[PDB]
Amino acid sequence: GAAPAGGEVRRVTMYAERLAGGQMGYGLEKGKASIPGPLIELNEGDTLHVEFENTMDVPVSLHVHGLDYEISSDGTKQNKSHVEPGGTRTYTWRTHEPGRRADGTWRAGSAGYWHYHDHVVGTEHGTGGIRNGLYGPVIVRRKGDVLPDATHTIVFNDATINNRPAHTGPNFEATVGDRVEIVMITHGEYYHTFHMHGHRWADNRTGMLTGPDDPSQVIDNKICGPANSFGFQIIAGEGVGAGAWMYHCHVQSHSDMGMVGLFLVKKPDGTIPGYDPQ
Amino acid sequence: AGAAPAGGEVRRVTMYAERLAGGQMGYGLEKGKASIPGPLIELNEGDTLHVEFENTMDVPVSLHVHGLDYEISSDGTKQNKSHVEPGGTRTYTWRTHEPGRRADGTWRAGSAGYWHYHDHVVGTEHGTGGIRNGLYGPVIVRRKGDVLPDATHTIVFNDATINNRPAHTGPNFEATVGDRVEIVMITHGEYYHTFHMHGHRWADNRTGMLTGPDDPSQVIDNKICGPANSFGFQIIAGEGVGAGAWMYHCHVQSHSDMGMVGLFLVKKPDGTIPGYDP
Amino acid sequence: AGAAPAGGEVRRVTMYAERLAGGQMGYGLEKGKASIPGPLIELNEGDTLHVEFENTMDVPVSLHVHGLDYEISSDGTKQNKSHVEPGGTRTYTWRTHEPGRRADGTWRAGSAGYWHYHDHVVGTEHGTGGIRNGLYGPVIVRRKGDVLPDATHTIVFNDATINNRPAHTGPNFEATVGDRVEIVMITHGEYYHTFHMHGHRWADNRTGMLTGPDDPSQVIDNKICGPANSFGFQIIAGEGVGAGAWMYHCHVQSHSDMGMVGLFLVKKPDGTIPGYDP
Amino acid sequence: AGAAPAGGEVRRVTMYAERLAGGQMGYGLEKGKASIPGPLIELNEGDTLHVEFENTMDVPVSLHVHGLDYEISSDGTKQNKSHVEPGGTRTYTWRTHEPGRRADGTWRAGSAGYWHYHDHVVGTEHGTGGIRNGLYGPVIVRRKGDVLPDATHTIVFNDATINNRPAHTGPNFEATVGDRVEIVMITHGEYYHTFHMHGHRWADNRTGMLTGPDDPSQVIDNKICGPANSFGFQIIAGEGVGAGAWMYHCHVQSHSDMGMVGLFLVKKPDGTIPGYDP
Amino acid sequence: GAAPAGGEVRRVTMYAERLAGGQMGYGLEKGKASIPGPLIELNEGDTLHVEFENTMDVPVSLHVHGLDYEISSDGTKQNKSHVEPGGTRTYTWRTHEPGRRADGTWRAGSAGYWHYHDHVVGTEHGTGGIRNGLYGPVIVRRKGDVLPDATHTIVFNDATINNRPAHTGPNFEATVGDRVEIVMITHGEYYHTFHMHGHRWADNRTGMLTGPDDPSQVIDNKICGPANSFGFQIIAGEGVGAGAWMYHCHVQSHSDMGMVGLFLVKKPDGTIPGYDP
Amino acid sequence: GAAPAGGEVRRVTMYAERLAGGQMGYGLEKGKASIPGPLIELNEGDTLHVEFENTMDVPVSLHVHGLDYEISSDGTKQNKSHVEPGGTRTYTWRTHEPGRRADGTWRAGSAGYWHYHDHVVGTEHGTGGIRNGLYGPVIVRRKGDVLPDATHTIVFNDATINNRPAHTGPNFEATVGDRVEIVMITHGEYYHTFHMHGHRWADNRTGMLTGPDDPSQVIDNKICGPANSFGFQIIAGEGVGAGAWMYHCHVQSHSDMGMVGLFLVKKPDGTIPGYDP
Ligand SMILES: [Ca+2]
Ligand SMILES: [Ca+2]
Ligand SMILES: [Cu+2]
Ligand SMILES: [Cu+2]
Ligand SMILES: [Cu+2]
Ligand SMILES: [Cu+2]
Ligand SMILES: [Cu+2]
Ligand SMILES: [Cu+2]
Ligand SMILES: [Cu+2]
Ligand SMILES: [Cu+2]
Ligand SMILES: [Cu+2]
Ligand SMILES: [Cu+2]
Ligand SMILES: [Cu+2]
Ligand SMILES: [Cu+2]
Ligand SMILES: [Cu+2]
Ligand SMILES: [Cu+2]
Ligand SMILES: [Cu+2]
Ligand SMILES: [Cu+2]
Ligand SMILES: [Cu+2]
Ligand SMILES: [Cu+2]
Ligand SMILES: [Cu+2]
Ligand SMILES: [Cu+2]
């Protein structure tokens, strides 16, 4: 499938809730917070009203990258758009199509791989909240962008992936030929290099080349730093087959620390040849 | 919006390297008016620049430029004997070229882009002292037909500082909604950083703006950079988001927490910023 | 200049992993002829390479490749028994493919690009020990019609060193004004770097050369990179700048001060280098 | 209370290195009961200790101790062939000695003090990965006449963790007013730290207590420490300040913010803690 | 002179006010809070009731190092000893002399160079209130401790000295021979090394060797970290003469970025040889 | 051996010279600059006139920690006590014995493990000259201090030891029983922790306990920051035997990155068991 043209006014409920161990997550239903927060998907032109509720004892905010918003939905104490304990607030995100301005230039549309995160827990820049788990993916699709069979979000948050304990994945399963979307977000203090075995993508907006004239480097490794976000779509096992295809940060100490995980690609019968959790 | 013309002019300027307060050092076009960053040098592709340089300090100094064409005699390094002695004078010559087809059928990249110059001999043979002290500044080379901006602002991440300013002192930049605002982003020193602008985004290519609908450049509001990286871009101030104190900062979390933040102050036509208390 | 042909050949080469003087490890094509970096492997899109590999050491080793197509059996990891035992042999198979349109209508990125290979098992299960000891080398896969260079040099930033050489000891590379020179830049280990070349600049895309007037890729003389990053470019030596000893170095200030520096000795036709006192 | 007797005993003990939940690894004197911090070893000066060591893991491990006497054979390094291969055994032998007047007129420092042991070969030849996984424990060597404590609690700062415990999960320790509580403080990892204790203070000397009115050691409640530092002290719980939940934490602000905090739960004789409601 | 025996009950008012540019300081009188907060001196044995008053619109607290206080005066939120906006509270600090315990041990006295600071603003550990400036020095003297001609407090708070902007001192003035007391506190995120040109001290409780039997290292340079505190007294210009004697953090980027100051030591005739600011 | 009473007037010539790979060092003879610079030993009471020669193209200085010096030998641009390019200047260091003052307090002597370094190259705090190699050790001995068989200086300068490339030691060799003196200085930007295998020392002036009454902690691991110096003496292999005894920074990545060296202790014959270089 392909993404339609957008322009719908959408509405969703979000909650910030504490989780086990000092963690904090966003969710769509309450008691259902997740780290990372729920995937938000929009087509260019859509408006999203986030009816936001802070179920915690400390203030929290919701700040987004890439998308259009007014200063009232910045999500910062500096602009007084945070949410006091037990409070509620409507965060409005807008998105727009690319097009030709009157001056002759081309306006960049909103499409891309983006993210949202806290901006006031711990510090005026959300360092505690981000640490605590208050981050999530946002995909904005352009008319005609190819839709995946599945989307998986991988966040390098300091020395952890998705705030999971070290050496605990997460793992993603696919079958050969699946079109699999990866959303990649980085947070915290450190730079990282995200690597995938057996697969590769184009370093551009969609992670796929537009055609034979796209000169974007094709890569399997990409340096990123805090609040970087990119994404891509690969064909699972393409030209390489089924297997437990490793992905990991490729900074040596980081991978040794357990910033590693698995792309479990299965044949149609379900077999992953040679796979053997030790 | 203005457009840059074809270059090819031969230009001459004076430059001085001078001690400033508190152990700092800056370049300047007029004696006694050094600044950090140094003066913005703008050229059209094909232009030549003779920098009639004078070292008013008690230590050898140099001028090394990125991206432009220069013979070894204008390298600005000790090992080429192209530094300038205490009190000395030297003419540094930069050239630029248009792109074009070589006789071999390959395409020769032009000089156009966002560039910079800095010291290369103070403290160490790589100008570690001079760079820390403030001996850096922006260089813009335009291609014919590049869109010209209403204003240009230079933002240098230098170690843990912005433009060698004390933590938490900006700098801030002012615009009116709809202004065409050019940002030149330079990094120097020891540390990687990520530049982030609230409410605004640009394309990750030469100009910061997409050439049209065929350009697959990732559109971003966040970019990792390390010492001597330079990029630039243009935005329409407030476009789709409205007036406000729009934060820009390093997004490395402790860096933002320690004062590597500033304000893109986008004003309404009446000169006011809703919800900004100065 | 010549151009690369279309690929499609089955190629075979033997490889060995030896201890080298002073606690280092290397890859070589013949026994006793191992280097750091290992030997350059050049393929054309579509070629298959069978690497017949022998671990001549007293410790397990592996051979993991970036970017190329391989089955899981050639992942080169202990995690799925693709590692080699001391004295053991194994055939690692690498395939490549041209770009082309998939049945689902999308553009499948080809294998062409600047890649590398390295160990994945010495020291740790991510080859931290092996890479630090020197177990890495370059792979270039060319696409039909790619311009062929007069020379290729590989510069690997490994921890605080260039090509495991001791600090302040190059390497230097020689060329003659007008030579078409190809650089392969590989990063490994723990740190981020910025690679910089005096006198020269390239396009930030697959080939490092702009495809023509419609390629909007930034033109750069400086690039941040992190562990397992690889890129490449070609430059016309001395183009628009003439002969000389042109520095390349990491631009992280402490890194260049510690001696992560070298020289691109660009010679006049008579063999001389103006301004180079050796 | 009691006093340490003169030492001089030859002691034997079994130690096991084994995995735990989440990639962790610990030392124990019994199988299946390995812990983090490892078991507390207590000796009187002159005592010898033979640790019959078993490595019940699939990776090599070793035992290296601070402060105590040992030959190169018990160094516990890969470089002195004193590590323990997977599933191997080894007798690690530590010796201790009283102070004394040497022949050459000088005073020989005794072994008494607060020490520690940790792995030295897991992950790197310096045990970087082993220490990270929890392979560390405290050794106390007492001098004849040293005051003995009611209770000993070990606090290890291991990067961002206390005793490899998840963030904000203590650990807490319970005392009664008047108890003589002995704290051992070890530090590991990459980061410096400042251990702080509400309600109590101590002497910055060997034992943590002033020898008498002539001892000029600083009395502190806060001291800076870094990787492999070890010290200890004794306090009288509640002495002059009463019962309560007295906090202890690293005082580096970001460290305490992310939950490097525990509690010193000092109860009144009747078991109550005034104003401490969970 | 020298310090006498302690044992007096003292009382003081202290205020938590807002200051210019996002600051927050403590002060003994309304409108005159300072960064660092005022100097509190006591003799071992004294009690101090601090009549505290939060004049801000966020909660504040007062938490002290070294001295004796009941949990009632921890000055922390989880111990409900913090202070609401507008709110008042009495914090009570006690000090004790050293002496031999009945147990046979030696009980360490209260004497030392300590400090107080917020514990609630921004985080449950006072991260914001410390950054904003809510810190100040407390000195507990033992009977017989020599008294100084002046005391100067120097706080490394992140990349600042006393929350003052980079390259702005502070500077302190003395005359050759003055007995100058220095109190040094560290806060925030960074380690530092405090260095003093021209002078040295003993790394012990008073910063002066007790005599020939004191093995304490004599230093001019000390690494410290957040909440560390120590002090010393020096004879200004002793063995070195007048001059603008720098003090600075010796972490190189810190000193380049402005963590520097001047101990301006004059001759009796008032001169500072070669000083040329 | 034991240090005598000082009081000699001593004179040395010191050169600052450029060295290969962008470095600079101090040397006692022309053309013989070294990193670390030469070891300067004095007995308490000695005066040292250092007749300094700047052979380089940049202003340079000599700044000493711990010892007595007038402001004209401070070694900073601020009062023009640097040395211009090609120029000369005589820096004078003095040192005094411990003694009691008329005010009854104890004046600590100059004795200790000290150091000298540039203060003007690159920045006003010598950040370039320090990183380039302009640093060296100063030992001031007290009458009665025991004299070592040898002295080795280990300088943690940023992420190097003695400006040497990573993983290149340096190693120091001794024989079991040797009385070995270690001088340890830190410079630059980072903190470190110095650790030595199989040996230990007292955290005090000399690194040796004064006797059974000295409560100084006995350690084998110590945190240090920029411009810190300390030192000690150990009996090579005492109680532990001959062996390749590793010393390293114990910050884990620093040790993994080669901040490591070997204390090669040989048996009376000259061999080191277990040592397979
Ligand atoms: Ca691109
Ligand atoms: Ca002491
Ligand atoms: Cu943002
Ligand atoms: Cu922000
Ligand atoms: Cu990582
Ligand atoms: Cu953000
Ligand atoms: Cu350069
Ligand atoms: Cu930054
Ligand atoms: Cu440069
Ligand atoms: Cu891998
Ligand atoms: Cu580098
Ligand atoms: Cu790899
Ligand atoms: Cu060790
Ligand atoms: Cu800590
Ligand atoms: Cu406290
Ligand atoms: Cu150790
Ligand atoms: Cu606290
Ligand atoms: Cu500092
Ligand atoms: Cu505190
Ligand atoms: Cu200084
Ligand atoms: Cu270190
Ligand atoms: Cu110094």
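The figures here come from the full heavy-atom set of this structure, side chains too, leaving out hydrogens, waters and symmetry mates. Within every chain, numbering begins at 1; the chains are lettered A, B, ... in the order of the sequence lines, protein sequences first and strands thereafter.
Put simply, of C:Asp104, C:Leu68, C:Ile224, the one with the most heavy-atom pairs under 4.5 Å next to chain A is C:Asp104. The greatest number of non-hydrogen atom pairs below 4.5 Å with chain C, out of A:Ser253, A:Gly239, A:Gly274, is found for A:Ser253. Highest contact tally toward chain C, considering only A:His199, A:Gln278, A:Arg179, is held by A:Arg179 [criterion: heavy-atom pairs under 4.5 Å]. The candidate from C:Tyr191, C:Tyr70, C:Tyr114, C:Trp115 with the greatest count of non-hydrogen atom pairs under 4.5 Å with chain A is C:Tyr70. Considering only heavy-atom pairs separated by less than 4.5 Å from chain C, the leading option among A:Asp276, A:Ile235, A:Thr210, A:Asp203 is A:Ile235. With chain A as the partner, the residue from C:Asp215, C:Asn80, C:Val65 showing the most heavy-atom pairs under 4.5 Å is C:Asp215. Most heavy-atom pairs under 4.5 Å with chain A, from the set C:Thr128, C:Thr207, C:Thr187: that is C:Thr128. When each of A:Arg200, A:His254, A:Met208, A:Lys222 is checked for heavy-atom pairs under 4.5 Å with chain C, A:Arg200 comes out on top. Put simply, of C:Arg102, C:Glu71, C:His97, the one with the most heavy-atom pairs under 4.5 Å next to chain A is C:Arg102. Contact count versus chain C (heavy atoms, under 4.5 Å) is highest, among A:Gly243, A:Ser255, A:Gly241, for A:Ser255. Interface summary for chain A: among C:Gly189, C:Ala112, C:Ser82, the most heavy-atom pairs under 4.5 angstrom belong to C:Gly189.
Of the inter-residue distances, the one linking A:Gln252 atom CD with C:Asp159 atom CG reads 8.5 Å to the nearest 0.5 angstrom. Expressed to the nearest 0.5 Å, how far CG of A:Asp256 lies from OG1 of C:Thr124 amounts to 3.5 Å. Interatomic distance, OG of C:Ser230 versus CG of A:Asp220, reported as 7.0 Å (0.5 Å rounding).
Of the two parts of A:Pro212, the backbone and the side chain both hold a non-hydrogen atom closer than 4.5 Å to a non-hydrogen atom of chain C. Contact annotation for C:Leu210: neither backbone nor side-chain heavy atoms come within less than 4.5 Å of a heavy atom of chain A. For a residue to count as touching a neighbouring chain, one of its non-hydrogen atoms must lie under 4.5 Å from one of that chain's; by this rule A:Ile219 touches chain C with the backbone only. Contacts between C:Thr77 and chain A at a heavy-atom distance below 4.5 Å involve the side chain alone, from C-beta outward. Contact of A:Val265 with chain C is not made at all, since no heavy-atom distance falls under 4.5 Å. Heavy atoms closer than 4.5 Å to chain C are found in the side chain of A:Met246, but not in its backbone. Neither the backbone nor the side chain of C:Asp214 comes within less than 4.5 Å of any heavy atom of chain A. In this structure, the portion of A:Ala244 lying under 4.5 Å from any heavy atom of chain C is its backbone and not its side chain. In this structure, the portion of A:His248 lying under 4.5 Å from any heavy atom of chain C is its side chain and not its backbone. Interface remark: C:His116 contributes no atoms to any contact with chain A (heavy atom separation under 4.5 Å). Residue C:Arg108 touches chain A through its side chain alone, counting heavy-atom pairs closer than 4.5 Å.
Formation of a donor-acceptor pair under 3.5 Å by the A:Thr193 side chain with backbone atoms of C:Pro227 is found in this model. Side chain of A:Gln217 to main chain of C:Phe231: no donor-acceptor pair is present (N/O by atom type, distance under 3.5 Å, no hydrogens or angles).
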Kindly indicate, with the supporting measurements, whether the criterion side chain to side chain contact (heavy atoms under 4.5 Å, CB included) is fulfilled by A:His250 and C:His66.
CA-CA 12 Å; A:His250 209 302; C:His66 281 246; 3.5 Å; yes
If you apply the rule side chain to side chain contact (heavy atoms under 4.5 Å, CB included), what do you find for A:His197 with C:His120, and how did you get there?
CA-CA 12 Å; A:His197 294 220; C:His120 215 299; 3.3 Å; yes
### Message
Applying side chain to side chain contact (heavy atoms under 4.5 Å, CB included) to C:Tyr192 and A:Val251, what does each step give before you reach the verdict?
### Response
CA-CA 9 Å; C:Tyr192 92 96; A:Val251 181; over 6 Å; no
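Within 6.0 Å of atom CD in C:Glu85, more than 12 heavy atoms from other residues, nucleotides or ligands are found, so the atom counts as buried in its surroundings. Atom CZ of C:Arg90 has more than 12 neighbouring heavy atoms from other residues, nucleotides or ligands inside a 6.0 Å radius.
Across all non-hydrogen atoms, the minimal contact from A:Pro215 to C:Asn205 is O-CB, 3.1 Å.
Below 30°, between 30° and 60°, or above 60°: for C:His64 and A:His195 the angle between ring planes is above 60°, a perpendicular geometry.
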